[PDB]
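Colleague: My structure is stored as entry06.txt, with compact mmCIF, N, CA and C atoms.
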```txt
# COMPACT_ATOMS: atom_id res chain seq x y z
N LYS A 1 1.43 -10.03 11.99
CA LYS A 1 1.67 -8.59 12.08
C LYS A 1 0.87 -7.98 13.22
N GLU A 2 1.14 -6.71 13.50
CA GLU A 2 0.38 -5.94 14.47
C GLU A 2 -1.10 -5.97 14.13
N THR A 3 -1.95 -6.25 15.12
CA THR A 3 -3.38 -6.25 14.87
C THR A 3 -3.93 -4.83 14.78
N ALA A 4 -5.08 -4.69 14.14
CA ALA A 4 -5.76 -3.41 14.06
C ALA A 4 -6.03 -2.81 15.44
N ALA A 5 -6.42 -3.65 16.39
CA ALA A 5 -6.68 -3.17 17.75
C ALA A 5 -5.41 -2.63 18.41
N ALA A 6 -4.31 -3.35 18.24
CA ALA A 6 -3.03 -2.93 18.81
C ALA A 6 -2.55 -1.65 18.17
N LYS A 7 -2.76 -1.55 16.86
CA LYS A 7 -2.37 -0.35 16.13
C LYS A 7 -3.16 0.87 16.62
N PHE A 8 -4.45 0.67 16.89
CA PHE A 8 -5.25 1.75 17.47
C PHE A 8 -4.68 2.22 18.81
N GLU A 9 -4.30 1.29 19.68
CA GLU A 9 -3.71 1.67 20.96
C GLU A 9 -2.42 2.45 20.75
N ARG A 10 -1.56 1.96 19.87
CA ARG A 10 -0.27 2.61 19.63
C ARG A 10 -0.44 4.01 19.03
N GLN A 11 -1.38 4.14 18.11
CA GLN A 11 -1.56 5.41 17.43
C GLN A 11 -2.35 6.42 18.23
N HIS A 12 -3.26 5.96 19.09
CA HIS A 12 -4.25 6.89 19.64
C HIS A 12 -4.40 6.94 21.15
N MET A 13 -3.82 6.00 21.88
CA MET A 13 -4.06 5.99 23.33
C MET A 13 -2.89 6.57 24.10
N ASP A 14 -3.17 7.47 25.04
CA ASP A 14 -2.16 7.88 26.01
C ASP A 14 -2.80 8.00 27.39
N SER A 15 -2.95 6.85 28.05
CA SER A 15 -3.55 6.82 29.37
C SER A 15 -2.58 7.28 30.46
N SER A 16 -1.34 7.58 30.08
CA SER A 16 -0.30 7.89 31.07
C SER A 16 -0.26 9.36 31.46
N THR A 17 -0.95 10.19 30.69
CA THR A 17 -1.03 11.61 30.96
C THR A 17 -2.48 12.06 30.85
N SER A 18 -2.85 13.09 31.59
CA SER A 18 -4.24 13.54 31.59
C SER A 18 -4.51 14.55 30.50
N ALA A 19 -3.44 15.15 29.98
CA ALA A 19 -3.53 16.17 28.95
C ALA A 19 -2.12 16.42 28.45
N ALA A 20 -2.00 17.04 27.28
CA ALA A 20 -0.68 17.47 26.80
C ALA A 20 -0.20 18.59 27.72
N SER A 21 1.07 18.55 28.11
CA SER A 21 1.58 19.48 29.11
C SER A 21 2.53 20.52 28.55
N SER A 22 2.83 20.42 27.26
CA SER A 22 3.69 21.41 26.62
C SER A 22 3.51 21.34 25.12
N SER A 23 4.01 22.36 24.44
CA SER A 23 3.89 22.46 23.00
C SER A 23 4.66 21.36 22.27
N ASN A 24 5.55 20.67 22.98
CA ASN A 24 6.34 19.61 22.34
C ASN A 24 5.72 18.22 22.44
N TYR A 25 4.54 18.13 23.05
CA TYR A 25 3.89 16.83 23.25
C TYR A 25 3.75 16.05 21.94
N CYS A 26 3.19 16.69 20.92
CA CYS A 26 2.98 15.98 19.66
C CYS A 26 4.30 15.57 19.01
N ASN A 27 5.28 16.47 19.00
CA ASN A 27 6.56 16.11 18.39
C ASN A 27 7.13 14.86 19.03
N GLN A 28 7.06 14.79 20.35
CA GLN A 28 7.62 13.67 21.09
C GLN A 28 6.82 12.39 20.86
N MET A 29 5.50 12.50 20.92
CA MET A 29 4.64 11.32 20.85
C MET A 29 4.54 10.74 19.44
N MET A 30 4.50 11.60 18.43
CA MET A 30 4.43 11.10 17.07
C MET A 30 5.69 10.30 16.75
N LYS A 31 6.82 10.76 17.25
CA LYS A 31 8.07 10.06 17.03
C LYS A 31 8.13 8.76 17.84
N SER A 32 7.81 8.85 19.12
CA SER A 32 7.96 7.71 20.02
C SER A 32 7.01 6.55 19.70
N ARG A 33 5.84 6.86 19.14
CA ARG A 33 4.88 5.83 18.77
C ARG A 33 5.10 5.32 17.34
N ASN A 34 6.19 5.77 16.73
CA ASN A 34 6.61 5.28 15.41
C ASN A 34 5.69 5.70 14.27
N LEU A 35 5.01 6.83 14.44
CA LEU A 35 4.08 7.33 13.44
C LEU A 35 4.77 8.15 12.35
N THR A 36 6.05 8.44 12.54
CA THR A 36 6.81 9.22 11.56
C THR A 36 7.92 8.40 10.91
N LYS A 37 7.84 7.08 11.05
CA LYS A 37 8.91 6.20 10.59
C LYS A 37 9.12 6.25 9.07
N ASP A 38 8.03 6.17 8.33
CA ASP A 38 8.10 6.09 6.87
C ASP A 38 7.83 7.44 6.21
N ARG A 39 7.02 8.26 6.87
CA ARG A 39 6.61 9.56 6.35
C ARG A 39 6.01 10.35 7.51
N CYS A 40 5.87 11.66 7.35
CA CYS A 40 5.19 12.43 8.40
C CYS A 40 3.69 12.25 8.27
N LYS A 41 3.07 11.51 9.18
CA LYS A 41 1.62 11.43 9.20
C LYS A 41 1.08 12.84 9.47
N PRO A 42 0.14 13.33 8.65
CA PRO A 42 -0.20 14.76 8.74
C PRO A 42 -1.05 15.17 9.93
N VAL A 43 -1.90 14.26 10.40
CA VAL A 43 -2.77 14.53 11.53
C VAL A 43 -2.92 13.28 12.36
N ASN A 44 -3.04 13.47 13.67
CA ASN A 44 -3.31 12.36 14.55
C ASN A 44 -3.91 12.87 15.85
N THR A 45 -4.70 12.03 16.50
CA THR A 45 -5.31 12.40 17.77
C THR A 45 -4.94 11.38 18.83
N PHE A 46 -4.55 11.86 20.01
CA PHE A 46 -4.29 11.01 21.16
C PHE A 46 -5.39 11.21 22.18
N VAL A 47 -5.81 10.11 22.81
CA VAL A 47 -6.89 10.16 23.80
C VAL A 47 -6.33 9.87 25.19
N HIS A 48 -6.61 10.76 26.14
CA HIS A 48 -6.08 10.68 27.50
C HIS A 48 -7.13 10.11 28.45
N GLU A 49 -7.51 8.87 28.20
CA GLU A 49 -8.49 8.18 29.02
C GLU A 49 -8.03 6.74 29.20
N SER A 50 -8.67 6.02 30.11
CA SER A 50 -8.35 4.60 30.25
C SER A 50 -8.74 3.85 28.98
N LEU A 51 -8.00 2.80 28.67
CA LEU A 51 -8.33 1.97 27.53
C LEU A 51 -9.75 1.42 27.64
N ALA A 52 -10.14 0.99 28.84
CA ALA A 52 -11.48 0.46 29.04
C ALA A 52 -12.58 1.46 28.68
N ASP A 53 -12.39 2.73 29.04
CA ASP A 53 -13.40 3.74 28.73
C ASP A 53 -13.50 3.99 27.22
N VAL A 54 -12.39 3.86 26.50
CA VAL A 54 -12.42 4.05 25.06
C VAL A 54 -13.01 2.81 24.37
N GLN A 55 -12.64 1.62 24.84
CA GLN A 55 -13.24 0.39 24.32
C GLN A 55 -14.75 0.40 24.49
N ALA A 56 -15.21 0.98 25.59
CA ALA A 56 -16.64 1.03 25.90
C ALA A 56 -17.44 1.83 24.87
N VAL A 57 -16.77 2.69 24.12
CA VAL A 57 -17.47 3.50 23.13
C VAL A 57 -18.14 2.63 22.07
N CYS A 58 -17.61 1.43 21.83
CA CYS A 58 -18.18 0.52 20.85
C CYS A 58 -19.57 0.01 21.23
N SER A 59 -19.99 0.30 22.46
CA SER A 59 -21.34 -0.05 22.91
C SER A 59 -22.18 1.20 23.16
N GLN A 60 -21.72 2.33 22.64
CA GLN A 60 -22.45 3.58 22.85
C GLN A 60 -23.26 4.00 21.61
N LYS A 61 -23.21 5.26 21.20
CA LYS A 61 -24.12 5.74 20.16
C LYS A 61 -23.64 5.39 18.75
N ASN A 62 -24.35 4.50 18.07
CA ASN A 62 -24.01 4.12 16.70
C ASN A 62 -24.30 5.27 15.75
N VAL A 63 -23.31 5.64 14.95
CA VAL A 63 -23.43 6.71 13.97
C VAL A 63 -22.68 6.33 12.70
N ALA A 64 -22.95 7.03 11.61
CA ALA A 64 -22.19 6.82 10.39
C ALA A 64 -20.81 7.44 10.51
N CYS A 65 -19.80 6.73 10.02
CA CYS A 65 -18.45 7.28 9.88
C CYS A 65 -18.44 8.36 8.81
N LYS A 66 -17.37 9.14 8.78
CA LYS A 66 -17.26 10.19 7.78
C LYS A 66 -17.37 9.64 6.36
N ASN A 67 -16.88 8.42 6.15
CA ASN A 67 -16.88 7.81 4.82
C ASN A 67 -18.14 7.00 4.52
N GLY A 68 -19.11 7.04 5.43
CA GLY A 68 -20.39 6.40 5.18
C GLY A 68 -20.58 5.04 5.83
N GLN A 69 -19.50 4.41 6.29
CA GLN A 69 -19.62 3.12 6.97
C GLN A 69 -20.47 3.27 8.21
N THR A 70 -21.10 2.19 8.64
CA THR A 70 -22.02 2.30 9.76
C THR A 70 -21.57 1.54 10.99
N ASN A 71 -20.27 1.23 11.07
CA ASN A 71 -19.71 0.63 12.28
C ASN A 71 -18.97 1.65 13.15
N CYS A 72 -19.43 2.90 13.13
CA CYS A 72 -18.86 3.94 13.97
C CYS A 72 -19.72 4.20 15.20
N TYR A 73 -19.08 4.71 16.24
CA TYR A 73 -19.74 4.93 17.53
C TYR A 73 -19.22 6.22 18.13
N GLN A 74 -20.14 7.01 18.66
CA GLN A 74 -19.80 8.27 19.30
C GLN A 74 -19.89 8.13 20.82
N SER A 75 -18.90 8.65 21.52
CA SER A 75 -18.90 8.57 22.98
C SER A 75 -20.01 9.44 23.57
N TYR A 76 -20.67 8.93 24.60
CA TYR A 76 -21.70 9.70 25.28
C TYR A 76 -21.09 10.91 25.98
N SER A 77 -19.88 10.73 26.50
CA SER A 77 -19.21 11.77 27.27
C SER A 77 -18.07 12.39 26.48
N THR A 78 -17.67 13.59 26.88
CA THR A 78 -16.49 14.20 26.30
C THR A 78 -15.27 13.52 26.91
N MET A 79 -14.17 13.56 26.17
CA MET A 79 -12.93 12.96 26.63
C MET A 79 -11.80 13.94 26.43
N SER A 80 -10.73 13.77 27.19
CA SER A 80 -9.54 14.59 27.02
C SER A 80 -8.75 14.10 25.82
N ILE A 81 -8.55 14.97 24.84
CA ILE A 81 -7.82 14.59 23.64
C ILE A 81 -6.76 15.61 23.28
N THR A 82 -5.77 15.16 22.53
CA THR A 82 -4.77 16.06 21.97
C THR A 82 -4.75 15.85 20.48
N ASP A 83 -4.94 16.95 19.75
CA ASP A 83 -4.86 16.96 18.30
C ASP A 83 -3.45 17.35 17.89
N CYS A 84 -2.87 16.60 16.96
CA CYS A 84 -1.54 16.89 16.44
C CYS A 84 -1.67 17.13 14.95
N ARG A 85 -1.19 18.28 14.49
CA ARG A 85 -1.29 18.64 13.09
C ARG A 85 0.06 19.12 12.59
N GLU A 86 0.46 18.64 11.42
CA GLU A 86 1.77 18.98 10.88
C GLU A 86 1.88 20.48 10.62
N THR A 87 3.04 21.05 10.97
CA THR A 87 3.27 22.48 10.77
C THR A 87 3.98 22.74 9.46
N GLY A 88 4.06 24.01 9.09
CA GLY A 88 4.67 24.41 7.84
C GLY A 88 6.15 24.09 7.76
N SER A 89 6.80 23.94 8.91
CA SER A 89 8.24 23.67 8.95
C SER A 89 8.57 22.18 8.99
N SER A 90 7.54 21.36 8.96
CA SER A 90 7.74 19.92 9.00
C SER A 90 8.37 19.43 7.72
N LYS A 91 9.45 18.67 7.86
CA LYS A 91 10.13 18.09 6.70
C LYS A 91 10.80 16.78 7.08
N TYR A 92 10.27 15.69 6.52
CA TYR A 92 10.78 14.36 6.80
C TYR A 92 12.31 14.32 6.68
N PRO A 93 13.00 13.68 7.64
CA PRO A 93 12.47 12.91 8.76
C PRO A 93 12.22 13.74 10.01
N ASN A 94 12.44 15.04 9.91
CA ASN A 94 12.19 15.93 11.04
C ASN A 94 10.76 16.46 11.01
N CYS A 95 9.82 15.57 11.31
CA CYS A 95 8.42 15.91 11.28
C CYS A 95 8.10 16.80 12.47
N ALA A 96 7.27 17.80 12.23
CA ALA A 96 6.95 18.78 13.26
C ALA A 96 5.45 19.03 13.32
N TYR A 97 4.95 19.17 14.55
CA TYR A 97 3.52 19.20 14.82
C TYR A 97 3.14 20.32 15.76
N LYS A 98 1.95 20.86 15.53
CA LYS A 98 1.30 21.75 16.49
C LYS A 98 0.41 20.91 17.41
N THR A 99 0.49 21.19 18.71
CA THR A 99 -0.25 20.49 19.74
C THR A 99 -1.45 21.31 20.19
N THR A 100 -2.64 20.72 20.13
CA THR A 100 -3.86 21.38 20.59
C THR A 100 -4.60 20.46 21.55
N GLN A 101 -4.84 20.95 22.76
CA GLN A 101 -5.51 20.16 23.78
C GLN A 101 -6.98 20.54 23.79
N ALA A 102 -7.85 19.55 23.91
CA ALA A 102 -9.28 19.79 23.86
C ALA A 102 -10.06 18.73 24.62
N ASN A 103 -11.33 19.02 24.87
CA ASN A 103 -12.25 18.06 25.46
C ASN A 103 -13.42 17.89 24.51
N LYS A 104 -13.50 16.72 23.88
CA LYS A 104 -14.51 16.50 22.85
C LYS A 104 -15.05 15.09 22.91
N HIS A 105 -16.18 14.87 22.26
CA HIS A 105 -16.66 13.51 22.05
C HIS A 105 -15.80 12.88 20.98
N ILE A 106 -15.56 11.58 21.07
CA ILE A 106 -14.82 10.90 20.03
C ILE A 106 -15.72 9.96 19.24
N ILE A 107 -15.34 9.72 17.99
CA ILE A 107 -16.05 8.79 17.13
C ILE A 107 -15.02 7.80 16.63
N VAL A 108 -15.26 6.53 16.90
CA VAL A 108 -14.34 5.47 16.50
C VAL A 108 -15.09 4.43 15.69
N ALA A 109 -14.36 3.69 14.85
CA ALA A 109 -14.93 2.55 14.16
C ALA A 109 -14.53 1.30 14.92
N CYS A 110 -15.47 0.36 15.06
CA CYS A 110 -15.23 -0.86 15.83
C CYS A 110 -15.36 -2.10 14.98
N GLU A 111 -14.56 -3.12 15.30
CA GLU A 111 -14.58 -4.39 14.58
C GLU A 111 -14.20 -5.51 15.52
N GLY A 112 -14.57 -6.73 15.16
CA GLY A 112 -14.02 -7.91 15.80
C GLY A 112 -14.82 -8.50 16.94
N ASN A 113 -14.26 -9.54 17.54
CA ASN A 113 -14.82 -10.17 18.72
C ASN A 113 -13.66 -10.59 19.62
N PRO A 114 -13.43 -9.85 20.72
CA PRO A 114 -14.22 -8.73 21.24
C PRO A 114 -14.31 -7.55 20.28
N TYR A 115 -15.41 -6.82 20.36
CA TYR A 115 -15.71 -5.70 19.48
C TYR A 115 -15.01 -4.47 20.02
N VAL A 116 -13.94 -4.03 19.34
CA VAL A 116 -13.07 -2.98 19.87
C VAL A 116 -12.76 -1.91 18.84
N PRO A 117 -12.28 -0.74 19.30
CA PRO A 117 -11.95 0.32 18.34
C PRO A 117 -10.76 -0.05 17.47
N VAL A 118 -10.87 0.23 16.17
CA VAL A 118 -9.77 -0.05 15.26
C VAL A 118 -9.39 1.17 14.41
N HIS A 119 -10.20 2.23 14.48
CA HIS A 119 -9.97 3.43 13.69
C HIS A 119 -10.52 4.63 14.44
N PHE A 120 -9.76 5.73 14.45
CA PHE A 120 -10.25 6.98 15.01
C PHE A 120 -10.85 7.82 13.88
N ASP A 121 -12.14 8.11 13.96
CA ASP A 121 -12.82 8.78 12.86
C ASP A 121 -12.84 10.30 12.98
N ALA A 122 -13.21 10.80 14.15
CA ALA A 122 -13.39 12.23 14.34
C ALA A 122 -13.56 12.58 15.81
N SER A 123 -13.40 13.86 16.12
CA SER A 123 -13.80 14.39 17.42
C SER A 123 -14.83 15.47 17.14
N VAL A 124 -15.86 15.55 17.98
CA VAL A 124 -16.92 16.52 17.76
C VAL A 124 -17.35 17.16 19.08
```
I need this file expressed as structure tokens, please.
Modeller:
Amino acid sequence: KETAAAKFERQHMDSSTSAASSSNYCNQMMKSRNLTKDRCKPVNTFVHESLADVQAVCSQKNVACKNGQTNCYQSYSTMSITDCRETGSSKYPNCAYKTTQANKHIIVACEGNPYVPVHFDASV
């Protein structure tokens, strides 16, 4: 099956754009990355940086994850991110999202060898 690392890339990486460019970004991306296949995922974050810069976070500031696990890492620098949140008119299979563009530090959980991001925890 799809690896955790690959799933992280599919769910969270968009190195092809520097920022969301319109209000329809989330609607398009949530669908195209297959995040609405079985149900409307209620929230998701896309990161507009190189994969290498995001992988590098696993060697940055170790912090506790929201759930208490201690394999989380916070980026030293802010990154370009897009937050997608389900709107009131969202109804499967026509999932609908509000797009919010921001520059924040990211917190990811890392696993494996190579040690890479497998979960997006938070932006701060």
Colleague: Using all atoms listed in the file, which protein or nucleic acid residues come within 5 Å of stretch 109-112 of chain A? Drop anything in the same chain fewer than 5 positions from it, and give the result as a PyMOL selection string.
Modeller: chain A and resi 71-72+117-119
Colleague: Interatomic distance between atom CA of residue A:23 and atom CA of residue A:52?
Modeller: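 Those two atoms sit 27.5 Å apart.
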Colleague: Can you tell me, as a VMD selection string, which residues in stretch 16-111 of chain A count as strand (DSSP E) by DSSP?
Modeller: chain A and resid 43 to 47 61 to 63 72 to 74 79 to 86 97 to 104 106 to 111
Colleague: Quick one: of A:40, A:63, A:56, A:108, who's nearest to residue A:89, counting only C-alpha atoms?
Modeller: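 Nearest to residue A:89: A:40.
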Colleague: Hey, can you check how far atom CA of residue A:36 sits from atom CA of residue A:18?
Modeller: 23.3 Å
Colleague: Would you list the contacts of residue A:97 as a VMD selection string, taking every protein, DNA or RNA residue within 8 Å and counting all atoms listed in the file, but skipping same-chain residues closer than 2 positions in sequence?
Modeller: chain A and resid 23 to 28 42 83 to 90 94 to 95 99 to 100
Colleague: Quick check, in Å to one decimal: how far apart do atom CA of residue A:19 and atom N of residue A:7 lie?
Modeller: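 Pair atom CA of residue A:19 / atom N of residue A:7 returns 21.5 Å.
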Colleague: Of the candidates A:115, A:120, A:46, A:8, which one gets nearest to residue A:81 if we count all atoms listed in the file?
Modeller: A:46
Colleague: For a cut-off of 7 Å around (-2.2, 6.9, 28.5), file coordinates, pick out all residues using only N, CA and C atoms and list them as a list in words.
Modeller: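 Here is the list of nearby residues: residues 13, 14, 15, 16, 17, 18, 47, 48, 49 and 50 of chain A.
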Colleague: Determine the nearest neighbour of residue A:98 from the options A:76, A:34, A:3, A:43, counting only C-alpha atoms.
Modeller: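 Of A:76, A:34, A:3, A:43, the one nearest residue A:98, counting only C-alpha atoms, is A:43.
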Colleague: Could you pull out the alpha helix (DSSP H) residues of chain A, going by DSSP on the backbone, and write them as number ranges by chain?
Modeller: A: 4-12, 25-32, 51-55
Colleague: A:4, A:30, A:121, A:104: which is nearest residue A:67, counting only N, CA and C atoms?
Modeller: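 Among the listed residues, A:121 lies closest to residue A:67.
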